[PDB]
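Structure record follows, encoded as structure tokens.
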Amino acid sequence: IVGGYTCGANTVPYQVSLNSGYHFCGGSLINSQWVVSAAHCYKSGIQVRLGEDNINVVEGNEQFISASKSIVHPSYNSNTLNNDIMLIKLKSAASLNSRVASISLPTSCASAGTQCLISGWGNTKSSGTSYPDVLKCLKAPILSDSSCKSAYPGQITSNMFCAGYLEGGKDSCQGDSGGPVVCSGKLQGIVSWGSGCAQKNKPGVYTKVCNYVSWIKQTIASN
Ligand SMILES: N=C(N)c1ccc(/C=N/O[C@H]2CCCCO2)cc1
Ligand SMILES: [Ca+2]
């Protein structure tokens, strides 16, 4: 997260870190045994880390649970990033409390102008590279589909939305991938892609979660 703020320990209780020896992606806990992330975060040997603030220090509220299976969206295209969504099942159910909690799925799509909270442990610099240890947060508005398409001609599908600031300076970044965009207590987006980070006229692009609720529910129901 570039141009954001320190969230505060366990203030984003649905935020997970995906770990394969090191943090490599975010995710969102949607019930005691399932996490939603980006398909471009797919790899084998994922351990899900819940209740994290400083990802480099055991602070007392962590739950580390290995994934039993991952399901990449049936229509994910890694070239265009269309359908950039993946479900991860935990080997055992997380113990849910105030600091480790699920986030609700949307019942309808959010509109341009809706203010959302974007979070993660990704790069904090728009030019260089600096990775934070503690969770970073950014409040950002959903942008109009027209401005999104104008920013990225030929690249925005109906399964994507832009959020952020066309002036630049405030954005998600590398390492935030797969993490949440939460608007009025609903998971509306997943950190997906962008041209660099926090660049002028290049806002963040996010997977449009409301399009996938049917798939998420039915997948969970049978797995
Ligand atoms: N500007 C953004 N909001 C932005 C930019 C980039 C990303 C993530 N990229 O993932 C890279 C790094 C490694 C995995 C695949 O390739 C997210 C948001
Ligand atoms: Ca920790």
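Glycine also receives a Cβ, built like all others from the backbone with ideal geometry; neighbour counts cover every protein chain displayed. Throughout, read-outs are computed from the coordinates displayed, never taken from laboratory work.
Helical runs assigned H by DSSP (4 residues or longer) give the chain a calculated mean residue ellipticity at 222 nm of -2000 deg cm²/dmol, each run adding -39500 (n - 2.57) before division by the residue total.
3J(HN,Hα) couplings calculated from phi for the range 48-60 with the Karplus curve 6.51 cos²θ - 1.76 cosθ + 1.60 (θ = phi - 60°) are, in sequence order, 8, 10, 9, x, 7, 10, 6, 6, 10, 9, 7, 9, x Hz; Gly and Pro show x. Close amide-amide hydrogen proximity is noted between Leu90 and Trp34, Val35, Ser68, each under 5 Å apart and 5 or more residues distant or on a separate chain (H modeled in the peptide plane; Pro and chain starts excluded). The modelled label-to-label distance for the pair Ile220/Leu166, using points 7 Å beyond Cα in the direction of Cβ, is 3.6 nm. Rounded to 0.05, the FRET efficiency of the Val213 and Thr157 pair, given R0 = 25 Å and the Cβ-Cβ distance, is 0.90.
Taking the Cβ-Cβ separation of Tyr5 and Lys125 as r and a Förster radius of 22 Å, what is the calculated FRET efficiency to the nearest 0.05? The value I calculate is 0.90.
Relative contact order for the chain: 25 percent, from Cα pairs under 8 Å spaced at least 6 residues apart, divided by residue count. Highest mean packing comes first when the peptides 100-109, 79-88, 201-210 are listed by Cβ atoms within 10 Å, giving 201-210, 79-88, 100-109. Taken about its Cα centre, the range 56-158 carries a charge dipole of roughly 80 debye when the Cβ of each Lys and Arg holds +1 and the Cβ of each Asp and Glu holds -1.
For the range 7-17, backbone phi angles converted through the Karplus equation (6.51, -1.76, 1.60; θ = phi - 60°) give residue-by-residue couplings of 4, x, 3, 6, 7, 10, x, 8, 6, 10, 10 Hz, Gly and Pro being listed as x. Computed about its Cα centre, the charge dipole of the chain is approximately 320 debye, with only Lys, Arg, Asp and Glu carrying charge at their Cβ.
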